[PDB]
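Fold and contact review
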There are 2 protein chains.
Amino acid sequence: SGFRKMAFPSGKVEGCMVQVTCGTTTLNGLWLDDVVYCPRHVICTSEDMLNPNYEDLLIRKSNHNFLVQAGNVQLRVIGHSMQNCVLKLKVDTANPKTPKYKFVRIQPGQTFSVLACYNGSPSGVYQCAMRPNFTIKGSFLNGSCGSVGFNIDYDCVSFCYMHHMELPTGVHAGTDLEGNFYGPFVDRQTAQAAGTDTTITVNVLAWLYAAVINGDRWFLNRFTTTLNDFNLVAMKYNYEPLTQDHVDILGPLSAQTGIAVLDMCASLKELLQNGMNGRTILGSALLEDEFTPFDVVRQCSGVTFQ
Amino acid sequence: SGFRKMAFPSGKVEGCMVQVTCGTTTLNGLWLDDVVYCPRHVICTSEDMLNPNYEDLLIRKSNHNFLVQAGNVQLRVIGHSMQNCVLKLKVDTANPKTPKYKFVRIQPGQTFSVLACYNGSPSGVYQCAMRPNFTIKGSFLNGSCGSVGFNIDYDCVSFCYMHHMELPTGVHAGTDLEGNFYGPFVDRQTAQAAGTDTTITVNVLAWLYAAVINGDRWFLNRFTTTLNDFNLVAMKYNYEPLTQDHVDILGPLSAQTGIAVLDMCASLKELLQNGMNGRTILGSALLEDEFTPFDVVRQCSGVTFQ
Ligand SMILES: O=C1C[C@@H](C(=O)Nc2ccc(Cl)cn2)c2ccccc21
Ligand SMILES: O=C1C[C@@H](C(=O)Nc2ccc(Cl)cn2)c2ccccc21
Ligand code: NA
Ligand code: NA
Ligand code: NA
Ligand code: NA
């Protein structure tokens with residue numbers, strides 16, 4: 001028992017981190033097979049970042065201008081190409097530590113682990129959600145660009161995120177591993193609007209199930225609701241509308257606890273309208289939305305990786 | 001910017017986890033050099049756990065009764081000994097993945113990362129504190145015993161915790177790597193009192209500094225206090241008394257922010273007496289005490305490991 005914001009074990013990803021330097025910019029790269037992936041803004045100078053012409057800046061660079069170091073050891077660059085907002089540096093050595101891996105584009109509301117890195121060296125690991133407005137609320141200082149997000153399924157690492165920028169509002173934006181930003185963002189040092197954000201309702205409900213499984217039960221009430229009634233309350237409180245697909249994903253947790261999904265919605269309605277009256281749920285005084293239903297079952301069932 | 005509950009990168013520890021089986025009990029072990037360390041209750045049957053005679057149970061076991069597996073591969077056991085509440089199984093092979101390491105006994109209020117494991121395979125990593133009453137509020141299911149806690153300093157892993165038990169109250173107890181419990185606990189399935197717990201005041205103050213560094217400033221006020229005055233408030237709200245040693249440890253954060261430690265104490269006093277009026281600090285609606293002053297500086301300065 002107990003419920004924590006748990007990250008995936010980071011070792012399979014730590015073996016893939018490298019340092020990339022171009023001119024006077026150092027950031028992180030991801031070395032899989034004979035390719036290093038990194039944010040294309042490694043080729044920018046401080047001036048360049050207000051409105052970079054990436055095609056023109058990259059034409060000034062040759063293979064030998066990209067310095068790639070894997071711990072103590074220098075890699076030899078034999079090709080470079082830009083795909084969307086990422087650079088792909090072909091090197092003459094396959095990474096001997098390459099895990100089984102996939103590149104995935106995650107949906108808003110899904111979770112992943114971030115391995116925060118500086119100068120190609122890991123500093124820490126934490127779990128977060130892709131917000132509905134395609135930002136992440138991370139922990140990233142200058143030099144963290146090229147840090148990656150990921151999920152693991154037994155022995156397979158699914159890379160979903162590469163860090164590119166901190167917006168002036170102090171939230172974070174980045175790409176998939178094909179270099180396509182999540183959300184409307186561009187790799188320019190400019191004020192950039194993020195959507196209105198919303199709370200990930202299906203995740204809050206998953207976490208309430210987690211709370212019940214752990215014996216935190218005070219918020220369970222005598223009430224039920226409908227999808228239509230609940231969703232009127234969701235709109236008022238800037239929660240994502242609940243769909244039958246979300247109900248179906250919550251099926252296993254409903255079966256484990258014997259609490260019908262709409263009964264748990266009625267509990268959440270009362271918590272939205274009345275607050276928590278200075279009480280806590282799983283150590284939190286807020287409704288938590290960074291656990292997916294899959295996360296709660298994995299944590300509550302002791303699933304492992306190799 | 002941003003502030004997250006960040007764990008240490010787990011790869012150096014993942015290479016050390018093994019499965020240990022004795023009779024019909026499987027749990028985790030830690031393989032460093034030619035020794036595997038694991039909870040001595042691996043030798044207990046379900047009956048045994050109400051009041052085990054560990055000396056008598058271990059006399060019935062020979063080297064060949066301890067099955068130790070490192071991934072797919074079986075290790076050969078050439079000796080066994082009990083040190084306090086841990087078993088040390090000498091094996092005929094040094095772990096080729098052994099990192100630079102130390103065994104440390106941490107103080108209450110210090111933090112560490114836990115690598116939660118089942119059947120010798122890592123499931124997840126999270127950060128927590130040793131509570132003042134020497135429990136931890138973890139996430140541990142049956143089979144997690146022998147999972148370990150640790151800190152990293154560049155290339156050196158300091159192992160501080162081995163998981164042994166879930167108390168009937170659903171909090172967690174374990175030992176240092178010499179097998180000495182933290183707190184009054186014994187490895188028996190019995191109701192066992194934990195102290196009165198208290199909030200780790202120096203950690204709350206560190207986190208308030210973290211909040212200021214990140215621009216969350218609403219709780220800063222016009223007031224100051226004294227150590228004696230603050231500590232009267234600490235007692236009322238079950239906070240650890242603040243000492244000049246704690247003030248000195250907070251020196252760097254005070255210098256970085258230009259907020260005198262006693263001025264930050266006056267902010268914390270007002271938050272204790274008035275609550276947070278439905279506001280948040282670094283995404284939390286509670287005062288957070290699982291970040292040490294060293295944690296806040298490391299996170300806010302991008303310190304890395306290798
Ligand atoms: O989280 C981060 C990443 C880094 C950042 O935003 N850098 C960057 C670099 C190029 C362009 Cl075109 C835009 N932004 C940064 C600097 C200071 C603090 C945080 C962060
Ligand atoms: O966190 C844990 C560890 C495990 C546990 O307490 N097992 C154990 C085994 C032997 C003795 Cl003498 C006492 N306790 C457990 C079982 C169920 C749920 C959680 C946990
Ligand atoms: Na970029
Ligand atoms: Na983004
Ligand atoms: Na034990
Ligand atoms: Na303990």
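Let us look at the coordination of the sodium ion (ligand 4). Residue and element names in this part refer to chain A. Around the sodium ion (ligand 4), the protein contributes the donor atoms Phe134 (O), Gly174 (N), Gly174 (O) and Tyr182 (O), which lie 2.8 to 3.2 Å from the metal centre. Site description for the sodium ion (ligand 4): donor spacing in sequence, F-x39-G-x7-Y. Taken together, the positions of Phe134 in the loop between β10 (121-129) and β11 (148-153) and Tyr182 in the loop between β13 (172-175) and α3 (201-213) put the pair 48 residues apart, joining distant regions of the chain. Assessed through its relative accessible area of 0%, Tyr182 is described here as buried.

Residue and element names in this part refer to chain B. Relative orientation of the contacting elements helix α4 (residues 227-236) and helix α7 (residues 261-274) amounts to 25°, with a least axis distance of 10 Å. Taken together, the axes of α4 and α7 are roughly parallel relative to one another. The crossing of α4 and α7 is left-handed. Across the interface between the two elements, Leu227, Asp229, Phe230 and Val233 of α4 pack against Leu262, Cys265, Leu268, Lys269, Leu272 and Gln273 of α7.

All names here are of chain B. In this model, α7 (14 residues) spans 20 Å end to end at C-alpha, consistent with the 20 Å of a helix rising 1.5 Å per residue. For α7, the secondary structure elements touched by its buried residues are α3 (201-213), α4, α5 (244-249) and α6 (251-257). The first or second residue beyond α7 is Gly275, which carries a positive phi of 70°.

Let us now look at the site of ligand 2. Residues and elements named next belong to chain B. As a structural note, the neighbourhood of ligand 2 is formed by 15 residues, with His41, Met49, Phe140, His163 and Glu166 the closest of them. Here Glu166 contributes a backbone N or O atom positioned 2.9 Å from an oxygen atom of ligand 2. Isolated, ligand 2 exposes 470 Å² of accessible area, and the fraction of that covered by the protein chains is 81%. Considering every element that reaches the shell around ligand 2, the biggest residue donor is strand β12 (residues 156-166), with 4 residues. Residue composition of the shell around ligand 2, grouped by class: 6 nonpolar, 6 polar and 3 charged.

Quantified by volume, the largest cavity comes out at close to 120 Å³. If you trace the largest cavity, you find it lined by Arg4(A), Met6(A), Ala7(A), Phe8(A), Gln127(A), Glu290(A), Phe291(A), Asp295(A), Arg298(A), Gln299(A), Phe305(A) and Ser123(B). For the lining of the largest cavity, the element with the highest residue contribution is helix α8 (residues 293-301) of chain A, accounting for 3 residues. Residue composition of the lining of the largest cavity, grouped by class: 5 nonpolar, 3 polar and 4 charged. Each pocket or cavity is described by its volume, and for the second largest cavity that value is around 100 Å³. Every residue lining the second largest cavity is listed: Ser123(A), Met6(B), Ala7(B), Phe8(B), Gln127(B), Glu290(B), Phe291(B), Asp295(B), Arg298(B), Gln299(B) and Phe305(B). In the lining of the second largest cavity, the residues fall into 5 nonpolar, 3 polar and 3 charged. Composition of the lining of the second largest cavity by domain shows at least three residues from each of domain 1 (1-14 + 100-197) and domain 3 (198-301) of chain B.

We now examine the environment of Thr257(B). Residues and elements named next belong to chain B. With respect to the secondary-structure elements, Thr257 resides in helix α6. A residue is classified by how much of its surface remains accessible, and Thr257, at 22% relative accessible area, is partly exposed. When the C-alpha atoms of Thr257 and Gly143 are compared, they prove to be 45 Å apart, with 114 residues separating the residues in sequence. Those residues in contact with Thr257 that lie beyond four places of it in its chain are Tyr209, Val212 and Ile213. One polar contact links the side chain of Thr257 to the main-chain carbonyl oxygen of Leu253, over a distance of 3.0 Å. A polar contact is formed between the side chain of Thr257 and the backbone nitrogen of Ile259, at a distance of 3.3 Å.

Attention now goes to the relation of the copies chain B and chain A. Relative to chain A, chain B is turned by 180° and slid 0.0 Å along the rotation axis, the superposed coordinates differing by an RMSD of 0.0 Å. These values place the two chain copies in the arrangement generated by a two-fold rotation axis. Taking the C-alpha atom as reference, chain B places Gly11(B) closest to the rotation axis, 1.8 Å from it. Both copies share a contact surface, since 100% of the interface residues of chain B are interface residues in chain A too.

What follows concerns the coordination of the sodium ion (ligand 3). All names here are of chain A. Every protein donor of the sodium ion (ligand 3) is listed here as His41 (N), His164 (ND1) and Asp187 (OD), and their distances to the metal cover 2.9 to 3.1 Å. Counting gaps between the donor residues of the sodium ion (ligand 3) yields the pattern H-x122-H-x22-D. Of the two residues, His164 sits in strand β12 (residues 156-166) while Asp187 sits in the loop between β13 and α3, which places them 23 residues apart along the sequence. A residue is classified by how much of its surface remains accessible, and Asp187, at 6% relative accessible area, is buried.

Take the side chain of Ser113(A) next. Residue and element names in this part refer to chain A. Mapped onto the fold, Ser113 is located in strand β9 (residues 111-118). Given a relative accessible area of 0%, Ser113 falls into the buried group. Here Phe8 takes part through its backbone nitrogen, which lies 2.9 Å from a polar atom of the side chain of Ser113. A polar side-chain atom of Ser113 sits 2.6 Å from a polar atom in the side chain of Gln127. Residue contacts for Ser113: discarding those within four places in its chain leaves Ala7, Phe8, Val125, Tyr126, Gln127, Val148, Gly149 and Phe150.

This next bit is on the site of ligand 1. All names here are of chain A. Near ligand 1, the surroundings consist of 15 residues, among which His41, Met49, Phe140, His163 and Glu166 are the closest. Within the side chain of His163, an N or O atom sits 2.7 Å from an oxygen atom of ligand 1. The contact in question runs from an oxygen atom of ligand 1 to an N or O atom on the backbone of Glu166, over 2.9 Å. Taken by itself ligand 1 offers 460 Å² of open surface, and the protein chains cover 82% of this.

Next up on the list: unusual backbone geometry. Residues other than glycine predominantly adopt negative phi, and peptide bonds predominantly adopt the trans conformation. Its identity as a non-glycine residue notwithstanding, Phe134(A) has a phi of 65°, on the positive side. With a relative accessible area of 26%, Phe134(A) lands in the partly exposed category. The backbone of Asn238(B) shows a phi angle near 60°, a positive value even though the residue is not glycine. Locating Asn238(B) in the fold gives a position in the loop between α4 and α5.

Cut-offs used in this document
- Residues numbered from 1 in each chain as written, not as in the entry; some residues may be left out.
- Chains lettered and ligands numbered in written order.
- Heavy atoms only, no water.
- Residues with missing side-chain atoms left out of burial classes, pairs and counts.
- Donors = N, O, S within 2.8 Å, 3.2 Å for Na, K, Ca; no water.
- Helix = DSSP H or I, 4+ residues; strand = E, 2+ residues; numbered from the N terminus.
- Buried < 20%, exposed > 50% of the residue type's maximum accessible area, 1.4 Å probe, protein only.
- Axes fitted to C-alpha atoms, helices over the stretch in contact; angles between N-to-C directions.
- Parallel < 35°, antiparallel > 145°, perpendicular 65-115°, else oblique.
- Left-handed = near helix turned anticlockwise from the far one by under 90°.
- Contact = heavy atoms within 4.5 Å.
- Expected span 1.5 Å × (residues − 1).
- Near = heavy atom within 4 Å.
- Polar contact = N/O pair within 3.5 Å; in protein donor to acceptor, adjacent residues only side chain to side chain.
- Areas by Shrake-Rupley, 256 points an atom, 1.4 Å probe, with all protein chains shown as cover.
- Nonpolar A, V, L, I, M, F, W, Y, C, P; charged D, E, K, R; others polar.
- 1 Å grid on protein atoms, 1.4 Å probe; cavity = no way out; pocket = protein on both sides within 12 Å on 5 of 7 lines; lining within 4 Å.
- Points joined across faces, edges and corners; volume = space filled by probe spheres on them.
- Domains from an automatic or database assignment.
- Least-squares fit on C-alpha atoms.

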